[PDB]
Amino acid sequence: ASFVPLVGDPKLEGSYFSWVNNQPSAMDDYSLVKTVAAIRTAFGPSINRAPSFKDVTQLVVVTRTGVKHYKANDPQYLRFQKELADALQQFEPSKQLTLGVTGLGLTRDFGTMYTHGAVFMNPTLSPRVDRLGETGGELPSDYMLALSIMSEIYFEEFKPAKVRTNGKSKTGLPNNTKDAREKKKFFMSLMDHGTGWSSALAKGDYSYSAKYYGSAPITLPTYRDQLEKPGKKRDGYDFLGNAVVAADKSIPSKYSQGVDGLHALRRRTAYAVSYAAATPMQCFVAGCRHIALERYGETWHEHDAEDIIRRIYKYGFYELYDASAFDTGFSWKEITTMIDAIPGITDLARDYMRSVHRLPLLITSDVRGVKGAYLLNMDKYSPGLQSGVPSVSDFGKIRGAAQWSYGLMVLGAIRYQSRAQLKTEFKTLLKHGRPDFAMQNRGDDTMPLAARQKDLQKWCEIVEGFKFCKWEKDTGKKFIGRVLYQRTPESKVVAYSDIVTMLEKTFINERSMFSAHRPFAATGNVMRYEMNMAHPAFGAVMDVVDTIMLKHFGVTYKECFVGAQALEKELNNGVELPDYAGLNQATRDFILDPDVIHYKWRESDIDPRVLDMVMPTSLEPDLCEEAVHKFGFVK
Ligand SMILES: [Ca+2]
């Protein structure tokens, strides 16, 4: 009972079907029918719909006479986008000085600006269960030791912390509501079950979850759109299991509106783990995250752009590396090694955290026009690092630093005689106590630091040769979203935000302006304008933008969004965000992208006034402390 047809009665590929049949069914017929009825009661349209295209409002023009919404598929907006993209081709990636790019702070041209804001590629590359978690090369014993020690350091101390859940997100199953009031009542009821709920999920007994809440905890694969360079080919798998070599990026005539030269959006696959399964794990994970990012903030955290540059000049030489398929090559052997290394949690907590990583998947269609869906009753499979797991940002920070700390063990700078001493020399490296080596890591983004340039080249040569992970030099020289700029070889190095990203998140956005995910779109575009005024490439790029903005809309960049601020405040029931002068940069970046707290800043770094308006639910530290004990996780 592993494969469950749901909508179009799809037929998987043989290599996939014969493998799924050999896998034992995750749920018995009692819980399966109870769950199938729940994924049909809810997700009615989402399960029976075809991909088609997107309905996104990209620009809202406020005039004395009227207000016009320009969508991504509007013909007048596509002619503006085509002309602005052509007018921005005069810019090219600038030269890189010893310690950063110079001249115009451009790490890439405005090429992605040809991406059609409403059309995504077909087929949207979908995950494949039997080919996930592949490491390729063997995992060394010294690396698995460093990975266990890095995880032990990260989850060494637990201090109950405030857990906020996005009010724009669903709860999945069993309970399915965006309501903030229902989300907390649903968690209080889960506390009353406590060990009975945790033991059922830790044993793969999804019948208990269906007895009291009507369904079983499943993970829903969601979509996250992205812009793409022209001529980029995407290879992957089909939602039936077939293999796609070159995902079609062409724009159909109904959507191109005659505007040639455009290509389609890349649609990445995300995961939406059940709120019932993720939240109890989040109540413990959040308690250790705010400690790890504070004790060892020299590696995994930051307070402002001036902390990165200061750590750079403390050692002298740096490089920038990105991990190729970091979440895809996340083997299950590495996950359990990190889970088993966590001190303070019971064996019930370890088995509970494993089941959250690999919940049964409800696969939906990606082929354009083909409406179909099925439920993979899979409990024991290598899932990689699903983006919905509460510990995705923390396991990424652990594995990334453990792979570079293993490179120093191969290099010989870190020689180990015991676990207790290796844990100590790792703590010193993380706190940047070593005078010769350090690093700044944020998952798949790592900047190794060294006092001698030849020491850094040897260290980077080692991690590139690793076969269990692909580390490649970042050609863009961006860390997080920070461009490293150096005016002249004599001037100091300054960090700037990429100006290409400003126009990306303004004219080719993922979600509509003033929508549920972007309630402060006008004010958010104003902050990007004022922030990037000091950017070296601000005068040249905005002279081009304002020229094309006036030619098609009769309003400049700042005029367009300052006038829309009056419309924004009215649409949000007079709710006025506090002026950015009183907010920190963490709150600033959280206003632009609400999904910043999940990858960059902490929940305690956001101002409480702004944090309450976006995140309605909030589990207090005393409620999390009661939960982690009631569920039976803490020893
Ligand atoms: Ca980078």
# chains A, B, ... in the order shown; residues from 1 in each chain; ligands from 1
call {"tool": "residues_around", "arguments": {"residues": "residue 535 (chain A)", "least_positions_apart": "2", "cutoff": "10 Å", "atoms": "only C-alpha atoms", "output": "short mmCIF file (atom, residue, chain, number, x, y, z; two decimals) with N, CA and C atoms, in the first residue's frame"}}
result
data_model
loop_
_atom_site.label_atom_id
_atom_site.label_comp_id
_atom_site.auth_asym_id
_atom_site.auth_seq_id
_atom_site.Cartn_x
_atom_site.Cartn_y
_atom_site.Cartn_z
N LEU A 104 31.64 49.81 -10.55
CA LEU A 104 30.25 49.51 -10.26
C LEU A 104 30.18 48.18 -9.52
N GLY A 105 29.48 48.15 -8.39
CA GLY A 105 29.43 46.95 -7.58
C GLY A 105 28.57 45.86 -8.17
N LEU A 106 28.85 45.47 -9.42
CA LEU A 106 28.04 44.50 -10.14
C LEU A 106 28.75 43.15 -10.16
N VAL A 483 27.63 42.12 -1.28
CA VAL A 483 28.70 42.27 -2.26
C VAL A 483 29.89 42.94 -1.58
N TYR A 485 32.93 45.14 -1.80
CA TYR A 485 33.36 46.19 -2.70
C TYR A 485 34.66 46.82 -2.21
N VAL A 494 34.16 47.49 1.73
CA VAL A 494 32.82 47.79 2.23
C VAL A 494 31.86 46.75 1.68
N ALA A 495 30.84 46.43 2.47
CA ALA A 495 29.81 45.47 2.08
C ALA A 495 28.58 46.22 1.59
N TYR A 496 28.02 45.76 0.47
CA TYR A 496 26.81 46.33 -0.10
C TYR A 496 25.85 45.21 -0.48
N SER A 497 24.57 45.56 -0.55
CA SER A 497 23.56 44.64 -1.05
C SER A 497 23.52 44.70 -2.57
N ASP A 498 23.32 43.54 -3.19
CA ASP A 498 23.34 43.45 -4.65
C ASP A 498 22.20 44.27 -5.24
N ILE A 499 22.55 45.22 -6.11
CA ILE A 499 21.53 46.08 -6.72
C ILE A 499 20.74 45.34 -7.79
N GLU A 530 16.36 53.70 -0.56
CA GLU A 530 17.21 54.49 0.33
C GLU A 530 18.43 53.71 0.79
N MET A 531 18.29 52.41 1.01
CA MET A 531 19.43 51.60 1.43
C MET A 531 20.51 51.58 0.35
N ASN A 532 20.12 51.41 -0.90
CA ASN A 532 21.06 51.24 -2.00
C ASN A 532 21.54 52.56 -2.59
N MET A 533 21.19 53.70 -2.00
CA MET A 533 21.67 54.97 -2.52
C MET A 533 23.19 55.08 -2.44
N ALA A 537 26.97 51.31 -7.88
CA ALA A 537 26.25 51.22 -9.14
C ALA A 537 24.82 51.76 -9.04
N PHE A 538 24.55 52.65 -8.09
CA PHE A 538 23.19 53.16 -7.91
C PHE A 538 22.88 54.27 -8.90
N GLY A 539 23.83 55.17 -9.15
CA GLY A 539 23.57 56.30 -10.02
C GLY A 539 23.38 55.89 -11.47
#
call {"tool": "residues_near_ligand", "arguments": {"ligand": "ligand 1", "cutoff": "10 Å", "atoms": "only C-alpha atoms and all ligand atoms", "output": "PDB file with N, CA, C and O atoms, in the first residue's frame"}}
result
ATOM      1  N   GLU A 319      38.199  33.517   0.915  1.00  0.00           N
ATOM      2  CA  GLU A 319      37.601  33.036  -0.320  1.00  0.00           C
ATOM      3  C   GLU A 319      36.118  32.805  -0.069  1.00  0.00           C
ATOM      4  O   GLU A 319      35.657  32.794   1.074  1.00  0.00           O
ATOM      5  N   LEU A 320      35.364  32.624  -1.149  1.00  0.00           N
ATOM      6  CA  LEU A 320      33.925  32.412  -1.060  1.00  0.00           C
ATOM      7  C   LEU A 320      33.553  31.153  -1.828  1.00  0.00           C
ATOM      8  O   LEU A 320      33.865  31.030  -3.017  1.00  0.00           O
ATOM      9  N   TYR A 321      32.887  30.224  -1.144  1.00  0.00           N
ATOM     10  CA  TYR A 321      32.535  28.930  -1.708  1.00  0.00           C
ATOM     11  C   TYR A 321      31.053  28.655  -1.509  1.00  0.00           C
ATOM     12  O   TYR A 321      30.482  28.993  -0.468  1.00  0.00           O
ATOM     13  N   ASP A 322      30.438  28.040  -2.516  1.00  0.00           N
ATOM     14  CA  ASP A 322      29.043  27.632  -2.465  1.00  0.00           C
ATOM     15  C   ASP A 322      28.955  26.122  -2.626  1.00  0.00           C
ATOM     16  O   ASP A 322      29.720  25.524  -3.391  1.00  0.00           O
ATOM     17  N   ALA A 323      28.024  25.508  -1.902  1.00  0.00           N
ATOM     18  CA  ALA A 323      27.837  24.064  -1.944  1.00  0.00           C
ATOM     19  C   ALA A 323      26.857  23.698  -3.051  1.00  0.00           C
ATOM     20  O   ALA A 323      25.740  24.223  -3.100  1.00  0.00           O
ATOM     21  N   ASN A 441      30.062  30.705   8.056  1.00  0.00           N
ATOM     22  CA  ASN A 441      29.231  29.743   7.349  1.00  0.00           C
ATOM     23  C   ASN A 441      27.759  30.017   7.610  1.00  0.00           C
ATOM     24  O   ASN A 441      27.365  30.332   8.737  1.00  0.00           O
ATOM     25  N   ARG A 442      26.951  29.896   6.555  1.00  0.00           N
ATOM     26  CA  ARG A 442      25.500  30.024   6.642  1.00  0.00           C
ATOM     27  C   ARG A 442      24.860  28.919   5.797  1.00  0.00           C
ATOM     28  O   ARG A 442      24.065  29.162   4.893  1.00  0.00           O
ATOM     29  N   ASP A 444      25.000  26.438   2.914  1.00  0.00           N
ATOM     30  CA  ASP A 444      25.726  26.225   1.669  1.00  0.00           C
ATOM     31  C   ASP A 444      26.620  27.400   1.293  1.00  0.00           C
ATOM     32  O   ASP A 444      27.251  27.361   0.232  1.00  0.00           O
ATOM     33  N   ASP A 445      26.689  28.433   2.128  1.00  0.00           N
ATOM     34  CA  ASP A 445      27.514  29.609   1.880  1.00  0.00           C
ATOM     35  C   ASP A 445      28.579  29.690   2.963  1.00  0.00           C
ATOM     36  O   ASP A 445      28.257  29.858   4.145  1.00  0.00           O
ATOM     37  N   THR A 446      29.843  29.570   2.563  1.00  0.00           N
ATOM     38  CA  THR A 446      30.959  29.533   3.498  1.00  0.00           C
ATOM     39  C   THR A 446      32.080  30.438   3.007  1.00  0.00           C
ATOM     40  O   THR A 446      32.395  30.459   1.813  1.00  0.00           O
ATOM     41  N   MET A 447      32.675  31.186   3.933  1.00  0.00           N
ATOM     42  CA  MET A 447      33.827  32.041   3.647  1.00  0.00           C
ATOM     43  C   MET A 447      34.981  31.646   4.558  1.00  0.00           C
ATOM     44  O   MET A 447      35.045  32.098   5.715  1.00  0.00           O
ATOM     45  N   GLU A 472      32.392  24.546  -4.646  1.00  0.00           N
ATOM     46  CA  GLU A 472      32.924  25.250  -5.803  1.00  0.00           C
ATOM     47  C   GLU A 472      33.073  26.730  -5.482  1.00  0.00           C
ATOM     48  O   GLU A 472      32.318  27.286  -4.679  1.00  0.00           O
ATOM     49  N   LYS A 473      34.062  27.359  -6.115  1.00  0.00           N
ATOM     50  CA  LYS A 473      34.321  28.774  -5.888  1.00  0.00           C
ATOM     51  C   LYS A 473      33.143  29.618  -6.355  1.00  0.00           C
ATOM     52  O   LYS A 473      32.614  29.418  -7.452  1.00  0.00           O
ATOM     53  N   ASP A 474      32.733  30.565  -5.517  1.00  0.00           N
ATOM     54  CA  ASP A 474      31.665  31.492  -5.873  1.00  0.00           C
ATOM     55  C   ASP A 474      32.228  32.526  -6.842  1.00  0.00           C
ATOM     56  O   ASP A 474      33.058  33.359  -6.462  1.00  0.00           O
ATOM     57  N   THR A 475      31.778  32.474  -8.097  1.00  0.00           N
ATOM     58  CA  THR A 475      32.230  33.444  -9.085  1.00  0.00           C
ATOM     59  C   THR A 475      31.637  34.825  -8.849  1.00  0.00           C
ATOM     60  O   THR A 475      32.223  35.821  -9.284  1.00  0.00           O
ATOM     61  N   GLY A 476      30.490  34.906  -8.168  1.00  0.00           N
ATOM     62  CA  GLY A 476      29.871  36.191  -7.907  1.00  0.00           C
ATOM     63  C   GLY A 476      30.454  36.946  -6.734  1.00  0.00           C
ATOM     64  O   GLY A 476      30.264  38.162  -6.644  1.00  0.00           O
ATOM     65  N   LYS A 477      31.158  36.254  -5.836  1.00  0.00           N
ATOM     66  CA  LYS A 477      31.762  36.873  -4.655  1.00  0.00           C
ATOM     67  C   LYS A 477      30.707  37.565  -3.791  1.00  0.00           C
ATOM     68  O   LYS A 477      30.860  38.718  -3.382  1.00  0.00           O
ATOM     69  N   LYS A 478      29.621  36.847  -3.518  1.00  0.00           N
ATOM     70  CA  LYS A 478      28.570  37.315  -2.627  1.00  0.00           C
ATOM     71  C   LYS A 478      28.472  36.391  -1.423  1.00  0.00           C
ATOM     72  O   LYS A 478      28.623  35.171  -1.550  1.00  0.00           O
ATOM     73  N   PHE A 479      28.338  36.974  -0.240  1.00  0.00           N
ATOM     74  CA  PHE A 479      28.169  36.177   0.959  1.00  0.00           C
ATOM     75  C   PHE A 479      26.800  36.548   1.437  1.00  0.00           C
ATOM     76  O   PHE A 479      26.534  37.722   1.678  1.00  0.00           O
ATOM     77  N   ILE A 480      25.918  35.571   1.566  1.00  0.00           N
ATOM     78  CA  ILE A 480      24.545  35.888   1.906  1.00  0.00           C
ATOM     79  C   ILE A 480      24.075  36.781   0.778  1.00  0.00           C
ATOM     80  O   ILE A 480      23.986  36.335  -0.363  1.00  0.00           O
ATOM     81  N   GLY A 481      23.786  38.037   1.074  1.00  0.00           N
ATOM     82  CA  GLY A 481      23.397  38.962   0.028  1.00  0.00           C
ATOM     83  C   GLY A 481      24.303  40.162   0.065  1.00  0.00           C
ATOM     84  O   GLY A 481      23.874  41.277  -0.221  1.00  0.00           O
ATOM     85  N   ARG A 482      25.562  39.945   0.416  1.00  0.00           N
ATOM     86  CA  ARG A 482      26.475  41.066   0.562  1.00  0.00           C
ATOM     87  C   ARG A 482      27.590  41.078  -0.460  1.00  0.00           C
ATOM     88  O   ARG A 482      28.398  40.155  -0.512  1.00  0.00           O
ATOM     89  N   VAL A 483      27.632  42.117  -1.279  1.00  0.00           N
ATOM     90  CA  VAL A 483      28.704  42.273  -2.255  1.00  0.00           C
ATOM     91  C   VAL A 483      29.890  42.945  -1.580  1.00  0.00           C
ATOM     92  O   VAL A 483      29.739  43.974  -0.911  1.00  0.00           O
TER      93      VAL A 483
END
call {"tool": "residues_around", "arguments": {"residues": "region 69-79 of chain A", "least_positions_apart": "6", "cutoff": "10 Å", "atoms": "only C-alpha atoms", "output": "JSON, numbers by chain"}}
result
{"A": [53, 54, 55, 56, 57, 58, 59, 60, 61, 62, 85, 114, 116, 117, 118, 119, 254, 255, 256, 257, 258, 259, 260, 262, 507, 508, 509, 512, 513, 552, 553]}
call {"tool": "closest_residue", "arguments": {"among": "A:157, A:425, A:235, A:152", "to": "residue 399 (chain A)", "atoms": "only C-alpha atoms"}}
result
A:152
call {"tool": "residues_around", "arguments": {"residues": "residue 38 (chain A)", "least_positions_apart": "6", "cutoff": "10 Å", "atoms": "only C-alpha atoms", "output": "compact mmCIF listing (two decimals) with C-alpha atoms, in the first residue's frame"}}
result
# COMPACT_ATOMS: atom_id res chain seq x y z
CA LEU A 32 -4.62 5.45 5.14
CA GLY A 44 -9.82 20.08 -3.02
CA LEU A 173 -2.58 17.67 8.34
CA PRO A 174 -4.36 16.52 10.45
CA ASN A 175 -5.67 20.02 11.19
CA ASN A 176 -5.67 22.42 8.22
CA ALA A 210 -5.78 9.62 12.79
CA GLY A 214 -8.69 12.73 11.84
CA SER A 215 -5.55 12.18 9.75
CA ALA A 216 -1.81 11.43 9.77
call {"tool": "residues_around", "arguments": {"residues": "residue 232 (chain A)", "least_positions_apart": "5", "cutoff": "10 Å", "atoms": "only C-alpha atoms", "output": "PDB file with C-alpha atoms, in the first residue's frame"}}
result
ATOM      1  CA  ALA A 246      16.094  20.080 -20.774  1.00  0.00           C
ATOM      2  CA  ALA A 247      13.132  21.735 -19.063  1.00  0.00           C
ATOM      3  CA  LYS A 249      11.938  27.519 -20.901  1.00  0.00           C
ATOM      4  CA  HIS A 263      12.218  32.741 -20.726  1.00  0.00           C
ATOM      5  CA  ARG A 266      12.603  28.202 -12.364  1.00  0.00           C
TER       6      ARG A 266
END
call {"tool": "atom_distance", "arguments": {"atom1": "CA of residue 187 (chain A)", "atom2": "CA of residue 272 (chain A)"}}
result
17.2 Å
call {"tool": "select_by_dssp", "arguments": {"residues": "region 381-605 of chain A", "states": "strand (DSSP E)", "output": "list in words"}}
result
residues 437, 438, 439, 440, 441, 445, 446, 447, 448, 449, 450, 470, 471, 472, 473, 478, 479, 482, 483, 484, 485, 486, 493, 494, 495, 496 and 497 of chain A
call {"tool": "residues_around", "arguments": {"residues": "region 556-558 of chain A", "least_positions_apart": "4", "cutoff": "12 Å", "atoms": "only C-alpha atoms", "output": "mmCIF file with N, CA, C and O atoms, in the first residue's frame"}}
result
data_model
loop_
_atom_site.group_PDB
_atom_site.id
_atom_site.type_symbol
_atom_site.label_atom_id
_atom_site.label_comp_id
_atom_site.auth_asym_id
_atom_site.auth_seq_id
_atom_site.Cartn_x
_atom_site.Cartn_y
_atom_site.Cartn_z
ATOM 1 N N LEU A 59 3.295 45.813 -10.261
ATOM 2 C CA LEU A 59 3.415 47.251 -10.077
ATOM 3 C C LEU A 59 2.036 47.860 -9.876
ATOM 4 O O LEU A 59 1.082 47.501 -10.571
ATOM 5 N N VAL A 60 1.940 48.781 -8.920
ATOM 6 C CA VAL A 60 0.707 49.502 -8.624
ATOM 7 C C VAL A 60 1.015 50.990 -8.731
ATOM 8 O O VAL A 60 1.743 51.542 -7.896
ATOM 9 N N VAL A 61 0.461 51.640 -9.754
ATOM 10 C CA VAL A 61 0.733 53.044 -10.040
ATOM 11 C C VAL A 61 -0.390 53.891 -9.460
ATOM 12 O O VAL A 61 -1.569 53.667 -9.767
ATOM 13 N N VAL A 62 -0.028 54.867 -8.632
ATOM 14 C CA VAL A 62 -0.985 55.769 -8.002
ATOM 15 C C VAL A 62 -0.917 57.115 -8.709
ATOM 16 O O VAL A 62 0.143 57.751 -8.755
ATOM 17 N N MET A 502 17.670 44.058 -6.148
ATOM 18 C CA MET A 502 16.630 45.048 -5.887
ATOM 19 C C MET A 502 15.619 45.090 -7.025
ATOM 20 O O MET A 502 14.405 45.078 -6.793
ATOM 21 N N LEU A 503 16.104 45.134 -8.268
ATOM 22 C CA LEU A 503 15.198 45.163 -9.410
ATOM 23 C C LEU A 503 14.513 43.819 -9.616
ATOM 24 O O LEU A 503 13.392 43.770 -10.137
ATOM 25 N N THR A 506 11.551 43.580 -7.305
ATOM 26 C CA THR A 506 10.671 44.723 -7.518
ATOM 27 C C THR A 506 9.811 44.591 -8.764
ATOM 28 O O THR A 506 8.612 44.874 -8.712
ATOM 29 N N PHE A 507 10.391 44.158 -9.886
ATOM 30 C CA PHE A 507 9.656 44.050 -11.137
ATOM 31 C C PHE A 507 9.342 42.619 -11.550
ATOM 32 O O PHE A 507 8.379 42.410 -12.293
ATOM 33 N N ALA A 522 4.932 48.534 -1.026
ATOM 34 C CA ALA A 522 5.345 49.887 -1.391
ATOM 35 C C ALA A 522 6.427 50.403 -0.451
ATOM 36 O O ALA A 522 7.468 50.896 -0.899
ATOM 37 N N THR A 523 6.196 50.298 0.860
ATOM 38 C CA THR A 523 7.197 50.740 1.827
ATOM 39 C C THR A 523 8.474 49.917 1.709
ATOM 40 O O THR A 523 9.581 50.448 1.866
ATOM 41 N N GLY A 524 8.341 48.622 1.419
ATOM 42 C CA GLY A 524 9.518 47.785 1.255
ATOM 43 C C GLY A 524 10.379 48.203 0.078
ATOM 44 O O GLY A 524 11.608 48.119 0.136
ATOM 45 N N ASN A 525 9.749 48.657 -1.010
ATOM 46 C CA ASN A 525 10.522 49.142 -2.148
ATOM 47 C C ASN A 525 11.164 50.491 -1.854
ATOM 48 O O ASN A 525 12.193 50.829 -2.452
ATOM 49 N N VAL A 526 10.579 51.271 -0.943
ATOM 50 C CA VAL A 526 11.179 52.546 -0.563
ATOM 51 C C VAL A 526 12.458 52.314 0.231
ATOM 52 O O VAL A 526 13.458 53.019 0.042
ATOM 53 N N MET A 527 12.453 51.321 1.125
ATOM 54 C CA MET A 527 13.651 51.022 1.904
ATOM 55 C C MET A 527 14.785 50.539 1.010
ATOM 56 O O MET A 527 15.943 50.926 1.203
ATOM 57 N N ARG A 528 14.473 49.691 0.024
ATOM 58 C CA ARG A 528 15.496 49.252 -0.922
ATOM 59 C C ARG A 528 16.110 50.436 -1.656
ATOM 60 O O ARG A 528 17.316 50.450 -1.928
ATOM 61 N N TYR A 529 15.292 51.436 -1.989
ATOM 62 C CA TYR A 529 15.803 52.616 -2.676
ATOM 63 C C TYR A 529 16.779 53.382 -1.792
ATOM 64 O O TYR A 529 17.909 53.671 -2.200
ATOM 65 N N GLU A 530 16.364 53.698 -0.562
ATOM 66 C CA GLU A 530 17.206 54.493 0.327
ATOM 67 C C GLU A 530 18.434 53.714 0.786
ATOM 68 O O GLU A 530 19.514 54.293 0.948
ATOM 69 N N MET A 533 21.189 53.698 -1.998
ATOM 70 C CA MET A 533 21.672 54.973 -2.525
ATOM 71 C C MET A 533 23.189 55.076 -2.441
ATOM 72 O O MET A 533 23.817 55.688 -3.313
ATOM 73 N N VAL A 541 22.547 52.717 -12.690
ATOM 74 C CA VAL A 541 21.454 51.778 -12.926
ATOM 75 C C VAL A 541 20.105 52.478 -12.803
ATOM 76 O O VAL A 541 19.201 52.257 -13.617
ATOM 77 N N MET A 542 19.948 53.337 -11.792
ATOM 78 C CA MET A 542 18.667 54.004 -11.588
ATOM 79 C C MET A 542 18.409 55.101 -12.614
ATOM 80 O O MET A 542 17.246 55.437 -12.858
ATOM 81 N N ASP A 543 19.459 55.672 -13.214
ATOM 82 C CA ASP A 543 19.246 56.566 -14.347
ATOM 83 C C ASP A 543 18.665 55.816 -15.538
ATOM 84 O O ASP A 543 17.964 56.411 -16.364
ATOM 85 N N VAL A 544 18.946 54.517 -15.641
ATOM 86 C CA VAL A 544 18.339 53.697 -16.682
ATOM 87 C C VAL A 544 16.935 53.270 -16.277
ATOM 88 O O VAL A 544 16.008 53.285 -17.094
ATOM 89 N N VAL A 545 16.754 52.889 -15.010
ATOM 90 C CA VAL A 545 15.440 52.461 -14.536
ATOM 91 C C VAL A 545 14.442 53.608 -14.629
ATOM 92 O O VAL A 545 13.355 53.462 -15.200
ATOM 93 N N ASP A 546 14.803 54.772 -14.081
ATOM 94 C CA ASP A 546 13.895 55.915 -14.098
ATOM 95 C C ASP A 546 13.565 56.356 -15.519
ATOM 96 O O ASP A 546 12.491 56.920 -15.758
ATOM 97 N N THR A 547 14.469 56.112 -16.470
ATOM 98 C CA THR A 547 14.183 56.458 -17.858
ATOM 99 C C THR A 547 13.116 55.541 -18.444
ATOM 100 O O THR A 547 12.203 56.003 -19.138
ATOM 101 N N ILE A 548 13.212 54.239 -18.173
ATOM 102 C CA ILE A 548 12.218 53.305 -18.691
ATOM 103 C C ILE A 548 10.935 53.365 -17.868
ATOM 104 O O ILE A 548 9.846 53.104 -18.392
ATOM 105 N N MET A 549 11.034 53.710 -16.581
ATOM 106 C CA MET A 549 9.835 53.870 -15.762
ATOM 107 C C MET A 549 8.984 55.037 -16.250
ATOM 108 O O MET A 549 7.756 54.925 -16.332
ATOM 109 N N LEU A 550 9.621 56.163 -16.580
ATOM 110 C CA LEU A 550 8.877 57.326 -17.052
ATOM 111 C C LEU A 550 8.320 57.112 -18.454
ATOM 112 O O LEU A 550 7.272 57.673 -18.794
ATOM 113 N N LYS A 551 8.999 56.311 -19.277
ATOM 114 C CA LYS A 551 8.551 56.113 -20.650
ATOM 115 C C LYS A 551 7.273 55.285 -20.717
ATOM 116 O O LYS A 551 6.455 55.482 -21.622
ATOM 117 N N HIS A 552 7.079 54.366 -19.771
ATOM 118 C CA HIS A 552 5.927 53.475 -19.784
ATOM 119 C C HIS A 552 4.877 53.801 -18.734
ATOM 120 O O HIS A 552 3.703 53.495 -18.944
ATOM 121 N N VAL A 562 6.375 55.685 -3.355
ATOM 122 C CA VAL A 562 5.976 56.619 -2.307
ATOM 123 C C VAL A 562 4.500 56.971 -2.450
ATOM 124 O O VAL A 562 3.775 57.085 -1.455
ATOM 125 N N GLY A 563 4.030 57.131 -3.689
ATOM 126 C CA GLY A 563 2.612 57.348 -3.910
ATOM 127 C C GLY A 563 1.767 56.139 -3.566
ATOM 128 O O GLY A 563 0.612 56.281 -3.154
ATOM 129 N N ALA A 564 2.324 54.937 -3.727
ATOM 130 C CA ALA A 564 1.624 53.715 -3.353
ATOM 131 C C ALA A 564 1.641 53.459 -1.853
ATOM 132 O O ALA A 564 0.899 52.589 -1.384
ATOM 133 N N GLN A 565 2.467 54.186 -1.094
ATOM 134 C CA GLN A 565 2.458 54.038 0.359
ATOM 135 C C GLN A 565 1.127 54.472 0.956
ATOM 136 O O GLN A 565 0.678 53.896 1.954
#
call {"tool": "closest_residue", "arguments": {"among": "A:449, A:375, A:113, A:150", "to": "residue 402 (chain A)", "atoms": "only C-alpha atoms"}}
result
A:150
call {"tool": "closest_residue", "arguments": {"among": "A:274, A:2, A:41, A:387", "to": "residue 24 (chain A)", "atoms": "only C-alpha atoms"}}
result
A:2
call {"tool": "residues_around", "arguments": {"residues": "residue 239 (chain A)", "least_positions_apart": "5", "cutoff": "8 Å", "atoms": "only C-alpha atoms", "output": "ChimeraX atom specification"}}
result
/A:125-128,363-367
call {"tool": "write_last_selection", "arguments": {"atoms": "C-alpha atoms", "output": "PDB file, in the first residue's frame"}}
result
ATOM      1  CA  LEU A 125      11.314  19.459 -11.770  1.00  0.00           C
ATOM      2  CA  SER A 126       9.843  17.299  -8.992  1.00  0.00           C
ATOM      3  CA  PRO A 127      11.657  15.267  -6.323  1.00  0.00           C
ATOM      4  CA  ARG A 128      12.464  11.581  -6.713  1.00  0.00           C
ATOM      5  CA  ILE A 363       2.999  14.362  -4.616  1.00  0.00           C
ATOM      6  CA  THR A 364       1.038  16.650  -6.940  1.00  0.00           C
ATOM      7  CA  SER A 365       1.390  17.247 -10.664  1.00  0.00           C
ATOM      8  CA  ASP A 366       3.879  19.471 -12.464  1.00  0.00           C
ATOM      9  CA  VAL A 367       3.110  18.641 -16.115  1.00  0.00           C
TER      10      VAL A 367
END
call {"tool": "atom_distance", "arguments": {"atom1": "CA of residue 379 (chain A)", "atom2": "CA of residue 26 (chain A)"}}
result
4.8 Å
call {"tool": "closest_residue", "arguments": {"among": "A:575, A:325, A:147, A:634", "to": "residue 471 (chain A)", "atoms": "only C-alpha atoms"}}
result
A:325
call {"tool": "select_by_dssp", "arguments": {"residues": "region 180-423 of chain A", "states": "alpha helix (DSSP H)", "output": "PyMOL selection string"}}
result
chain A and resi 180-193+195-202+206-212+253-256+275-295+297-300+305-315+332-341+347-357+392-411+419-423
call {"tool": "closest_residue", "arguments": {"among": "A:383, A:339, A:241, A:153", "to": "residue 10 (chain A)", "atoms": "only C-alpha atoms"}}
result
A:241
call {"tool": "atom_distance", "arguments": {"atom1": "CA of residue 357 (chain A)", "atom2": "CA of residue 43 (chain A)"}}
result
22.2 Å
